[PDB]
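Student: Below are the structure tokens for one structure; questions will follow.
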Amino acid sequence: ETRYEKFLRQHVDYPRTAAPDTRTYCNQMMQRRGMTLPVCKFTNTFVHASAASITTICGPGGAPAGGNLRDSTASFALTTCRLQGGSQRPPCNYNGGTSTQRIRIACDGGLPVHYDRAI
């Protein structure tokens, strides 16, 4: 898996996957996307924009933010999932919120490789 593919798998959900509520969205998506084995990932943001929309952050669609970090020009629909309690052992239960925010990602060679935070 390329670092780019890992970024899409972990952080890109577009169009947004339908779910009954955000807790269920998080529970389903964290598992579907490979983030609950072998341990529960503590937190993860899904960005609801295309790979192309996010990739431009690394170039004309974003701005330098120190080191290899870039801030997006655009605000994006986001869902943020945070693990209930503190244990890495499954079962992995999540809570979640949604927002519309600019984002700060790490780029390498013009492509996204990590999600840093919402701005």
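Header says: X-ray crystallography, 1.6 Å.
Backbone N, Cα and C atoms are what each Cβ position is placed from, and that goes for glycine too.
Found this in Swiss-Prot, in case it helps:
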ACT_SITE  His11  active site, proton acceptor
ACT_SITE  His114  active site, proton donor
BINDING   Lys6, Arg9, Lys41, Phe42, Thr43, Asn44, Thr45, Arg82  substrate binding site
DISULFID  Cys26-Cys81  disulfide bond
DISULFID  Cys40-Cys92  disulfide bond
DISULFID  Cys58-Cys107  disulfide bond
Student: Measuring Cα to Cα, tell me the gap between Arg82 (substrate binding site) and the residue listed as 'active site, proton donor' in whole angstrom.
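Tutor: A Cα-Cα distance of 17 Å.
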Student: Are any of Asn44, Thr45, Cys81, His114 (the recorded positions) within 10 Å of the residue listed as 'active site, proton acceptor' when you go C-alpha to C-alpha, and if so which?
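Tutor: Cα within 10 Å of the residue listed as 'active site, proton acceptor': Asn44, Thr45, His114.
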Student: For each of the disulfide-bonded residues (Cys26, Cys40, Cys58, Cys81, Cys107), count the other CB atoms lying within 10 A of its CB, then report the residue with the highest count.
Tutor: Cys26
Student: Could you check which of the recorded positions (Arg9, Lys41, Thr43, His114) sits closest to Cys92 (disulfide bond), going Cα to Cα?
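Tutor: Result: the closest of the recorded positions to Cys92 (disulfide bond) is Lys41.
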Student: Go through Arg9, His11, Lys41, the listed recorded positions, and name the one with the sparsest Cβ surroundings, counting other Cβ atoms within 10 Å.
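Tutor: Relative to the other recorded positions in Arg9, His11, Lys41, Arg9 has the fewest Cβ atoms within 10 Å.
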Student: In which DSSP state, out of helix, strand and coil, do we find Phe42 (substrate binding site)?
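Tutor: The residue in question, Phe42 (substrate binding site), is coil (DSSP, three-state).
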Student: Show me the subset of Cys40, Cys81, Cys107 whose Cα is within 10 Å of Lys6 (substrate binding site); these are the disulfide-bonded residues I mean.
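Tutor: Cα filter at 10 Å returns nothing.
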Student: Looking at the recorded positions listed here (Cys81, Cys107, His114), whose Cα lies nearest to that of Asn44 (substrate binding site)?
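Tutor: Spatially nearest to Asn44 (substrate binding site) by Cα position is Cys81.
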Student: At the level of the C-alpha atoms, what whole-angstrom distance separates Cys26 (disulfide bond) and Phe42 (substrate binding site)?
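Tutor: Counting only the Cα atoms, the answer is 12 Å.
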Student: What subset of the disulfide-bonded residues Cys58, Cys81, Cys107 lies within 10 angstroms of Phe42 (substrate binding site) at the C-alpha level?
Tutor: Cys81
